[PDB]
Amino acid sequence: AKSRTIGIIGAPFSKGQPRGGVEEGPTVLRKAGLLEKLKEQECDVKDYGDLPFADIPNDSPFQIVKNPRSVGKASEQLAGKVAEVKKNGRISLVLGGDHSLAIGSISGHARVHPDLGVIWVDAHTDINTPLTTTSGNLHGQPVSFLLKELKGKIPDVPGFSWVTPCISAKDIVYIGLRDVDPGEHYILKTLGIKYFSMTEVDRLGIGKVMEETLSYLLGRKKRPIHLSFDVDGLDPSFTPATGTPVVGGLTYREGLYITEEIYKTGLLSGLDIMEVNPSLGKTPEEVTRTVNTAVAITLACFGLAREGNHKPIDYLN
């Protein structure tokens, strides 16, 4: 089935942020048996392997922006790989790797499906520009590079000349926001982007959040869905092995609900599983908890339901 035909892309890349270990995310998600688990769920899985990201020595900052050429090149390569998977009629499944890789993942997905609408699950908006950033970490900026409305607000950053903004402010929905920088809040409000911060989740419940998200993106006409999932979108009691944990996040149940609802549209076309950092657990159990939650999230995207699943056969015979 279309909704269960997958192309796995490993993106072992960490230079969009300063914490070592996020490059081990594809390895640990594979070691947990993600591919096997998906195959046991009637998925047609093709593994495109782990992208080689050749070292760029002397990758000096663009102002405060760290490793621009490396981040630019990794996303550029990933865009080509995602476009190939999309041309092969498969849902692209990007195993990260820091969230700067979403530049390549969506850009690549938008080359084959330009009418796509994004669902961004994160505690963070990742919408800082190279000029509003105070950290210079590119995993906090991918959305600014992708938005058509911010063309003219993005300076010429080395490694990013290949980037053409592929999404309008109306084609993205945020879910799980709770750590937004002033520049980002300003951008979010002046561009009128649709979002459900934890405040809206608390007000409405995840049921109405999903009803509104899917209606806002798909109401007019069915279109492909790109879900960019930052594991820090979920509460640190579920995904603690991550770079930027923020308290009061989405529960394990809320995460499964989001992904179950997306599955049920039959329109998932791209998926990013990001910011899993296996060297950031306080104990080895914190690492396995994060990886297991990330696996459970991914499996929900491709049909795994809490009410159960069965094959189209008579089990009472």
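Residue numbers run from 1 along the displayed sequence.
As recorded in the PDB entry, 214-222 is the stretch of 179-187 and 214-222 with the greater mean C-alpha temperature factor. According to the PDB record, 107-115 carries the higher mean C-alpha B-factor of the two stretches 137-145 and 107-115. Highest CA B-factor among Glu254, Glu261, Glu42, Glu275, as stated in the entry: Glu42. Looking at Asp98, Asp126, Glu200, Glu76, the one whose CA carries the top B-factor in the deposited record is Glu76. The deposited CA B-factor of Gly207 belongs to the lowest third of values across its chain.
When all modelled residues of the chain are sorted by CA temperature factor, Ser228 is found within the lowest third. Ranked by C-alpha B-factor against the other modelled residues of its chain, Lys194 falls in the lowest third.
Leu131 sits in the highest third of its chain by CA B factor, as recorded in the PDB entry. Among all modelled residues in its chain, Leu271 ranks in the lowest third by Cα B-factor.
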